[PDB]
$ cat target23.txt   # compact mmCIF, N, CA and C atoms
# COMPACT_ATOMS: atom_id res chain seq x y z
N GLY E 1 0.80 -1.21 0.00
CA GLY E 1 0.00 0.00 0.00
C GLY E 1 0.84 1.27 0.00
N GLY E 2 2.12 1.11 -0.07
CA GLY E 2 3.00 2.26 -0.13
C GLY E 2 3.25 2.74 -1.55
N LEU E 3 4.08 3.83 -1.66
CA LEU E 3 4.49 4.40 -2.94
C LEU E 3 5.76 3.72 -3.46
N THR E 4 5.74 3.35 -4.74
CA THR E 4 6.90 2.65 -5.36
C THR E 4 7.40 3.46 -6.56
N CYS E 5 8.67 3.30 -6.93
CA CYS E 5 9.18 4.00 -8.14
C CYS E 5 8.51 3.43 -9.40
N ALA E 6 8.08 4.30 -10.32
CA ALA E 6 7.32 3.83 -11.51
C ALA E 6 8.23 3.90 -12.73
N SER E 7 7.69 3.82 -13.96
CA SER E 7 8.63 3.78 -15.07
C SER E 7 9.24 5.15 -15.33
N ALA E 8 10.44 5.14 -15.74
CA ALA E 8 11.14 6.38 -16.06
C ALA E 8 10.40 7.17 -17.13
N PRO E 9 10.34 8.45 -16.94
CA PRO E 9 9.72 9.25 -18.00
C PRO E 9 10.40 9.08 -19.35
N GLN E 10 9.64 9.14 -20.43
CA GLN E 10 10.14 8.94 -21.79
C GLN E 10 10.54 10.27 -22.42
N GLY E 11 10.07 11.37 -21.83
CA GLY E 11 10.39 12.69 -22.36
C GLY E 11 10.15 13.81 -21.37
N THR E 12 10.71 14.96 -21.68
CA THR E 12 10.52 16.16 -20.87
C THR E 12 10.02 17.32 -21.72
N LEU E 13 9.07 18.05 -21.19
CA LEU E 13 8.59 19.29 -21.79
C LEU E 13 8.93 20.49 -20.91
N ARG E 14 9.61 21.49 -21.46
CA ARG E 14 9.90 22.73 -20.72
C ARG E 14 9.14 23.84 -21.42
N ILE E 15 8.26 24.52 -20.71
CA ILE E 15 7.42 25.61 -21.18
C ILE E 15 8.01 26.95 -20.74
N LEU E 16 7.97 27.92 -21.65
CA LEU E 16 8.36 29.30 -21.30
C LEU E 16 7.41 30.15 -22.15
N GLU E 17 7.16 31.42 -21.79
CA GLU E 17 6.26 32.31 -22.56
C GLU E 17 7.09 33.34 -23.32
N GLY E 18 7.00 33.38 -24.66
CA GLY E 18 7.85 34.30 -25.43
C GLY E 18 7.12 35.10 -26.50
N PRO E 19 7.34 36.44 -26.61
CA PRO E 19 6.76 37.25 -27.68
C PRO E 19 7.72 37.31 -28.88
N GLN E 20 7.34 37.95 -30.00
CA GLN E 20 8.14 37.92 -31.27
C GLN E 20 8.77 39.26 -31.67
N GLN E 21 9.64 39.27 -32.70
CA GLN E 21 10.33 40.44 -33.24
C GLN E 21 9.48 41.18 -34.26
N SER E 22 9.51 42.54 -34.25
CA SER E 22 8.86 43.30 -35.32
C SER E 22 9.78 43.58 -36.50
N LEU E 23 9.30 44.36 -37.46
CA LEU E 23 10.09 44.68 -38.66
C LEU E 23 11.24 45.60 -38.27
N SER E 24 12.41 45.52 -38.94
CA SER E 24 13.46 46.52 -38.71
C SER E 24 13.21 47.83 -39.43
N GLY E 25 12.90 48.89 -38.68
CA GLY E 25 12.71 50.22 -39.25
C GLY E 25 13.87 51.15 -38.94
N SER E 26 14.48 51.00 -37.76
CA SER E 26 15.68 51.73 -37.39
C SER E 26 15.51 53.24 -37.51
N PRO E 27 14.54 53.84 -36.75
CA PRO E 27 14.21 55.26 -36.84
C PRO E 27 15.17 55.92 -35.86
N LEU E 28 16.33 56.31 -36.36
CA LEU E 28 17.43 56.83 -35.52
C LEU E 28 17.15 58.11 -34.73
N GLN E 29 16.58 59.15 -35.33
CA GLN E 29 16.47 60.43 -34.56
C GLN E 29 15.22 61.23 -34.91
N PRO E 30 14.59 62.01 -33.97
CA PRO E 30 13.46 62.89 -34.31
C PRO E 30 13.93 63.83 -35.42
N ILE E 31 14.70 64.87 -35.06
CA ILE E 31 15.33 65.71 -36.12
C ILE E 31 16.73 65.11 -36.25
N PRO E 32 17.02 64.29 -37.29
CA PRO E 32 18.28 63.55 -37.38
C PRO E 32 19.56 64.20 -37.94
N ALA E 33 20.72 63.58 -37.68
CA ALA E 33 22.02 64.05 -38.21
C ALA E 33 22.49 65.28 -37.42
N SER E 34 23.65 65.84 -37.77
CA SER E 34 24.07 67.11 -37.13
C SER E 34 23.72 68.21 -38.12
N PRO E 35 22.58 68.94 -37.98
CA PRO E 35 22.19 69.92 -38.99
C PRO E 35 23.24 71.03 -39.06
N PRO E 36 23.69 71.41 -40.27
CA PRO E 36 24.76 72.40 -40.41
C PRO E 36 24.48 73.86 -40.05
N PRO E 37 25.47 74.58 -39.48
CA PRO E 37 25.32 76.02 -39.21
C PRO E 37 25.30 76.71 -40.57
N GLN E 38 24.58 77.83 -40.71
CA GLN E 38 24.46 78.39 -42.09
C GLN E 38 24.26 79.91 -42.19
N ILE E 39 24.28 80.43 -43.42
CA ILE E 39 24.22 81.90 -43.70
C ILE E 39 22.86 82.56 -43.40
N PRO E 40 22.76 83.73 -42.71
CA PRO E 40 21.48 84.42 -42.56
C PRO E 40 21.25 85.08 -43.93
N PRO E 41 20.03 85.01 -44.51
CA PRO E 41 19.81 85.53 -45.86
C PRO E 41 20.06 87.04 -46.04
N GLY E 42 20.73 87.41 -47.14
CA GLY E 42 21.04 88.83 -47.44
C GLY E 42 22.12 89.41 -46.54
N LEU E 43 21.90 89.47 -45.22
CA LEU E 43 22.89 89.98 -44.23
C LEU E 43 23.21 91.46 -44.44
N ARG E 44 23.91 91.81 -45.53
CA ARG E 44 24.29 93.21 -45.87
C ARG E 44 25.55 93.60 -45.09
N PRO E 45 26.42 94.48 -45.62
CA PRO E 45 27.56 94.98 -44.84
C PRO E 45 27.04 95.85 -43.68
N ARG E 46 27.64 95.72 -42.50
CA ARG E 46 27.25 96.56 -41.34
C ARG E 46 28.42 97.48 -40.99
N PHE E 47 29.12 97.98 -42.02
CA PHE E 47 30.33 98.83 -41.80
C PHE E 47 30.73 99.48 -43.13
N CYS E 48 31.19 100.74 -43.06
CA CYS E 48 31.67 101.43 -44.29
C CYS E 48 32.98 102.16 -44.01
N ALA E 49 33.73 102.46 -45.07
CA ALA E 49 35.00 103.22 -44.92
C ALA E 49 34.70 104.70 -44.69
N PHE E 50 35.73 105.45 -44.30
CA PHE E 50 35.54 106.91 -44.11
C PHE E 50 35.97 107.67 -45.36
N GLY E 51 35.12 108.58 -45.85
CA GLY E 51 35.43 109.38 -47.04
C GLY E 51 34.52 109.04 -48.21
N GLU T 1 16.64 54.31 -25.07
CA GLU T 1 17.08 53.34 -24.08
C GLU T 1 18.21 53.92 -23.22
N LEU T 2 18.49 53.24 -22.12
CA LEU T 2 19.64 53.56 -21.26
C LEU T 2 20.53 52.33 -21.17
N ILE T 3 21.79 52.49 -21.55
CA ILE T 3 22.73 51.38 -21.55
C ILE T 3 23.83 51.63 -20.53
N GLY T 4 24.42 50.54 -20.04
CA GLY T 4 25.45 50.58 -19.04
C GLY T 4 26.83 50.25 -19.58
N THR T 5 27.82 50.36 -18.69
CA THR T 5 29.21 50.23 -19.11
C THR T 5 29.52 48.84 -19.65
N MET T 6 28.92 47.81 -19.06
CA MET T 6 29.16 46.45 -19.53
C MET T 6 28.23 46.06 -20.67
N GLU T 7 27.03 46.64 -20.71
CA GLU T 7 26.08 46.32 -21.76
C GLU T 7 26.44 47.00 -23.08
N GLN T 8 27.33 47.99 -23.05
CA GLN T 8 27.68 48.75 -24.24
C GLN T 8 28.74 48.06 -25.09
N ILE T 9 29.37 47.01 -24.57
CA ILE T 9 30.46 46.36 -25.29
C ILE T 9 29.94 45.37 -26.31
N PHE T 10 28.67 44.98 -26.22
CA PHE T 10 28.08 43.99 -27.12
C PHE T 10 26.97 44.60 -27.97
N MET T 11 27.19 45.79 -28.52
CA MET T 11 26.18 46.46 -29.31
C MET T 11 26.82 47.59 -30.10
N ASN T 12 26.32 47.80 -31.31
CA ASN T 12 26.83 48.83 -32.21
C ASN T 12 25.99 50.09 -32.06
N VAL T 13 26.67 51.23 -31.90
CA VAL T 13 26.01 52.50 -31.62
C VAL T 13 26.57 53.53 -32.59
N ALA T 14 25.86 53.76 -33.69
CA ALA T 14 26.24 54.83 -34.61
C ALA T 14 26.23 56.17 -33.90
N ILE T 15 26.96 57.13 -34.46
CA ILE T 15 27.02 58.49 -33.93
C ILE T 15 26.23 59.45 -34.81
N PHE T 16 26.58 59.54 -36.08
CA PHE T 16 25.84 60.31 -37.06
C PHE T 16 24.95 59.38 -37.87
N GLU T 17 23.82 59.91 -38.33
CA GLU T 17 23.02 59.16 -39.28
C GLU T 17 23.77 59.06 -40.61
N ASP T 18 23.35 58.10 -41.43
CA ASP T 18 24.09 57.71 -42.63
C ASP T 18 25.28 56.86 -42.22
N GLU T 19 25.50 56.75 -40.91
CA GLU T 19 26.36 55.72 -40.33
C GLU T 19 25.55 54.53 -39.83
N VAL T 20 24.22 54.64 -39.84
CA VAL T 20 23.35 53.55 -39.43
C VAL T 20 23.19 52.58 -40.58
N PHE T 21 23.31 51.29 -40.29
CA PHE T 21 23.16 50.24 -41.29
C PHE T 21 22.01 49.32 -40.90
N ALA T 22 21.80 48.28 -41.70
CA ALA T 22 20.61 47.44 -41.54
C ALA T 22 20.79 46.42 -40.42
N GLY T 23 21.76 45.52 -40.56
CA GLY T 23 22.01 44.54 -39.53
C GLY T 23 22.85 45.11 -38.41
N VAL T 24 23.90 45.82 -38.78
CA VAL T 24 24.74 46.55 -37.83
C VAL T 24 23.94 47.74 -37.31
N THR T 25 24.48 48.43 -36.31
CA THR T 25 23.83 49.61 -35.73
C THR T 25 22.50 49.23 -35.08
N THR T 26 22.62 48.44 -34.02
CA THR T 26 21.54 48.15 -33.10
C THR T 26 20.99 49.41 -32.44
N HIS T 27 21.85 50.31 -32.00
CA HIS T 27 21.44 51.55 -31.34
C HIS T 27 22.03 52.72 -32.11
N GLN T 28 21.82 53.92 -31.56
CA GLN T 28 22.38 55.19 -32.09
C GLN T 28 22.53 56.17 -30.93
N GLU T 29 23.52 57.05 -30.92
CA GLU T 29 23.77 58.03 -29.83
C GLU T 29 22.86 59.24 -29.96
N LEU T 30 22.53 59.91 -28.86
CA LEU T 30 21.56 61.03 -28.88
C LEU T 30 22.11 62.22 -29.67
N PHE T 31 23.21 62.81 -29.22
CA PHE T 31 23.87 63.93 -29.95
C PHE T 31 25.28 63.49 -30.28
N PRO T 32 25.93 63.98 -31.35
CA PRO T 32 27.32 63.63 -31.65
C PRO T 32 28.36 63.99 -30.58
N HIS T 33 28.15 65.02 -29.76
CA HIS T 33 29.07 65.48 -28.70
C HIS T 33 28.70 64.89 -27.36
N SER T 34 27.94 63.80 -27.31
CA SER T 34 27.55 63.10 -26.07
C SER T 34 28.80 62.63 -25.35
N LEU T 35 29.85 62.27 -26.07
CA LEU T 35 31.11 61.74 -25.50
C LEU T 35 31.83 62.75 -24.63
N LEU T 36 31.55 64.03 -24.76
CA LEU T 36 32.38 65.02 -24.06
C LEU T 36 31.71 65.48 -22.79
N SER T 37 32.51 65.94 -21.85
CA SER T 37 32.02 66.33 -20.54
C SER T 37 31.22 67.63 -20.64
N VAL T 38 30.77 68.12 -19.48
CA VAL T 38 30.06 69.39 -19.45
C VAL T 38 31.01 70.54 -19.73
N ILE T 39 32.20 70.50 -19.14
CA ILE T 39 33.17 71.57 -19.36
C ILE T 39 33.77 71.46 -20.76
N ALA T 40 34.12 70.24 -21.19
CA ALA T 40 34.63 70.05 -22.53
C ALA T 40 33.63 70.43 -23.61
N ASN T 41 32.36 70.61 -23.27
CA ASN T 41 31.36 71.10 -24.20
C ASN T 41 31.26 72.62 -24.21
N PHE T 42 32.09 73.30 -23.43
CA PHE T 42 32.09 74.77 -23.35
C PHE T 42 33.27 75.31 -24.15
N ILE T 43 34.17 74.45 -24.64
CA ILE T 43 35.36 74.83 -25.44
C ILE T 43 34.87 74.97 -26.86
N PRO T 44 35.15 76.09 -27.54
CA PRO T 44 34.64 76.30 -28.87
C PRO T 44 35.49 75.62 -29.94
N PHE T 45 34.86 74.86 -30.83
CA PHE T 45 35.57 74.22 -31.97
C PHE T 45 36.69 73.34 -31.43
N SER T 46 36.46 72.45 -30.50
CA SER T 46 37.50 71.63 -29.86
C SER T 46 38.03 70.63 -30.88
N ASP T 47 37.33 70.44 -31.96
CA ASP T 47 37.67 69.50 -33.04
C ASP T 47 38.89 69.93 -33.84
N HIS T 48 39.23 71.21 -33.90
CA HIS T 48 40.31 71.75 -34.73
C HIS T 48 41.51 72.09 -33.86
N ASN T 49 41.49 71.81 -32.58
CA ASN T 49 42.69 72.03 -31.74
C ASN T 49 43.30 70.66 -31.45
N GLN T 50 44.60 70.57 -31.16
CA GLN T 50 45.18 69.27 -30.80
C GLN T 50 44.72 68.92 -29.39
N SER T 51 44.65 67.65 -29.05
CA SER T 51 44.08 67.18 -27.77
C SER T 51 44.80 67.60 -26.51
N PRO T 52 46.13 67.62 -26.40
CA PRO T 52 46.72 68.03 -25.16
C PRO T 52 46.24 69.44 -24.81
N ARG T 53 45.90 70.29 -25.78
CA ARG T 53 45.39 71.67 -25.62
C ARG T 53 43.99 71.72 -25.03
N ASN T 54 43.07 70.97 -25.64
CA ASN T 54 41.65 70.92 -25.19
C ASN T 54 41.62 70.37 -23.78
N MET T 55 42.42 69.37 -23.46
CA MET T 55 42.51 68.88 -22.08
C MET T 55 43.05 70.01 -21.20
N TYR T 56 43.97 70.81 -21.70
CA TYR T 56 44.51 71.96 -20.95
C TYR T 56 43.40 72.98 -20.75
N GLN T 57 42.52 73.14 -21.73
CA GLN T 57 41.45 74.15 -21.62
C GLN T 57 40.58 73.79 -20.42
N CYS T 58 40.25 72.52 -20.28
CA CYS T 58 39.44 72.09 -19.14
C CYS T 58 40.12 72.44 -17.80
N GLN T 59 41.45 72.44 -17.63
CA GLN T 59 42.04 72.74 -16.34
C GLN T 59 42.21 74.24 -16.13
N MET T 60 42.22 75.02 -17.21
CA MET T 60 42.37 76.47 -17.10
C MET T 60 41.04 77.19 -16.97
N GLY T 61 39.95 76.61 -17.46
CA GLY T 61 38.64 77.16 -17.22
C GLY T 61 38.17 77.04 -15.79
N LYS T 62 38.88 76.28 -14.96
CA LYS T 62 38.55 76.11 -13.55
C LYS T 62 39.48 76.90 -12.65
N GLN T 63 40.37 77.71 -13.22
CA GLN T 63 41.20 78.63 -12.46
C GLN T 63 40.95 80.07 -12.89
$ encode --input "target23.txt" --output "structure tokens"
Amino acid sequence: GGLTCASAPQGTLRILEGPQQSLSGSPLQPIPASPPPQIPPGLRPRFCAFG
Amino acid sequence: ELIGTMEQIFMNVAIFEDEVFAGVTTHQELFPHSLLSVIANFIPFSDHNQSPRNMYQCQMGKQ
């Protein structure tokens, strides 16, 4: 009436919960790159010679 | 994302765009001058001076 060893298991199942990968879009930056410093339009000379 | 000192050795981090690739370039840096300190970001045009100088600028701006 006691507990005895039974037949060895024939296989093992290991369960884990996993989600999946999306598409590669690689959206690097809101406003991207190093935007260049640049000329103010027209500007004009702010200096003249004497005479 | 936020990455750490040991987690940064196993990942590619472009600096400028057009340096980002498809398989490579897992991440990208926020600004190109992210590498420099707060004081080293106060030196003007540090890119065109030799390095022993820019390092000198950091010790002279504190005196």
$ atom_distance --input "target23.txt" --atom1 "CA of residue 3 (chain T)" --atom2 "atom N of residue 18 (chain E)"
24.1 Å
$ select_by_dssp --input "target23.txt" --residues "chain T" --states "strand (DSSP E or B)" --output "list in words"
residues 13, 14, 27 and 28 of chain T
$ write_last_selection --input "target23.txt" --atoms "N, CA and C atoms" --output "PDB file, in the frame of the given file"
ATOM      1  N   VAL T  13      26.670  51.230 -31.900  1.00  0.00           N
ATOM      2  CA  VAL T  13      26.010  52.500 -31.620  1.00  0.00           C
ATOM      3  C   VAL T  13      26.570  53.530 -32.590  1.00  0.00           C
ATOM      4  N   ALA T  14      25.860  53.760 -33.690  1.00  0.00           N
ATOM      5  CA  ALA T  14      26.240  54.830 -34.610  1.00  0.00           C
ATOM      6  C   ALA T  14      26.230  56.170 -33.900  1.00  0.00           C
ATOM      7  N   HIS T  27      21.850  50.310 -32.000  1.00  0.00           N
ATOM      8  CA  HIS T  27      21.440  51.550 -31.340  1.00  0.00           C
ATOM      9  C   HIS T  27      22.030  52.720 -32.110  1.00  0.00           C
ATOM     10  N   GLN T  28      21.820  53.920 -31.560  1.00  0.00           N
ATOM     11  CA  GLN T  28      22.380  55.190 -32.090  1.00  0.00           C
ATOM     12  C   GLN T  28      22.530  56.170 -30.930  1.00  0.00           C
TER      13      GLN T  28
END
$ interface_residues --input "target23.txt" --of "chain E" --to "chain T" --cutoff "8 Å" --atoms "all atoms listed in the file" --output "list in words"
residues 24, 26, 28, 29, 32, 33 and 34 of chain E
$ atom_distance --input "target23.txt" --atom1 "CA of residue 35 (chain T)" --atom2 "CA of residue 47 (chain T)"
12.7 Å
$ select_by_dssp --input "target23.txt" --residues "chain T" --states "alpha helix (DSSP H)" --output "list in words"
residues 51, 52, 53, 54, 55, 56, 57, 58, 59 and 60 of chain T
$ write_last_selection --input "target23.txt" --atoms "N, CA and C atoms" --output "PDB file, in the frame of the given file"
ATOM      1  N   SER T  51      44.650  67.650 -29.050  1.00  0.00           N
ATOM      2  CA  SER T  51      44.080  67.180 -27.770  1.00  0.00           C
ATOM      3  C   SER T  51      44.800  67.600 -26.510  1.00  0.00           C
ATOM      4  N   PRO T  52      46.130  67.620 -26.400  1.00  0.00           N
ATOM      5  CA  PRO T  52      46.720  68.030 -25.160  1.00  0.00           C
ATOM      6  C   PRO T  52      46.240  69.440 -24.810  1.00  0.00           C
ATOM      7  N   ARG T  53      45.900  70.290 -25.780  1.00  0.00           N
ATOM      8  CA  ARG T  53      45.390  71.670 -25.620  1.00  0.00           C
ATOM      9  C   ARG T  53      43.990  71.720 -25.030  1.00  0.00           C
ATOM     10  N   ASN T  54      43.070  70.970 -25.640  1.00  0.00           N
ATOM     11  CA  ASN T  54      41.650  70.920 -25.190  1.00  0.00           C
ATOM     12  C   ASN T  54      41.620  70.370 -23.780  1.00  0.00           C
ATOM     13  N   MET T  55      42.420  69.370 -23.460  1.00  0.00           N
ATOM     14  CA  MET T  55      42.510  68.880 -22.080  1.00  0.00           C
ATOM     15  C   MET T  55      43.050  70.010 -21.200  1.00  0.00           C
ATOM     16  N   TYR T  56      43.970  70.810 -21.700  1.00  0.00           N
ATOM     17  CA  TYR T  56      44.510  71.960 -20.950  1.00  0.00           C
ATOM     18  C   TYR T  56      43.400  72.980 -20.750  1.00  0.00           C
ATOM     19  N   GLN T  57      42.520  73.140 -21.730  1.00  0.00           N
ATOM     20  CA  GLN T  57      41.450  74.150 -21.620  1.00  0.00           C
ATOM     21  C   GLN T  57      40.580  73.790 -20.420  1.00  0.00           C
ATOM     22  N   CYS T  58      40.250  72.520 -20.280  1.00  0.00           N
ATOM     23  CA  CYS T  58      39.440  72.090 -19.140  1.00  0.00           C
ATOM     24  C   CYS T  58      40.120  72.440 -17.800  1.00  0.00           C
ATOM     25  N   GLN T  59      41.450  72.440 -17.630  1.00  0.00           N
ATOM     26  CA  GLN T  59      42.040  72.740 -16.340  1.00  0.00           C
ATOM     27  C   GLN T  59      42.210  74.240 -16.130  1.00  0.00           C
ATOM     28  N   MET T  60      42.220  75.020 -17.210  1.00  0.00           N
ATOM     29  CA  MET T  60      42.370  76.470 -17.100  1.00  0.00           C
ATOM     30  C   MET T  60      41.040  77.190 -16.970  1.00  0.00           C
TER      31      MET T  60
END
$ atom_distance --input "target23.txt" --atom1 "atom C of residue 34 (chain T)" --atom2 "atom C of residue 13 (chain T)"
11.8 Å
$ residues_around --input "target23.txt" --residues "residue 61 (chain T)" --least-positions-apart "5" --cutoff "12 Å" --atoms "only C-alpha atoms" --output "PyMOL selection string"
chain T and resi 38-43+54-56
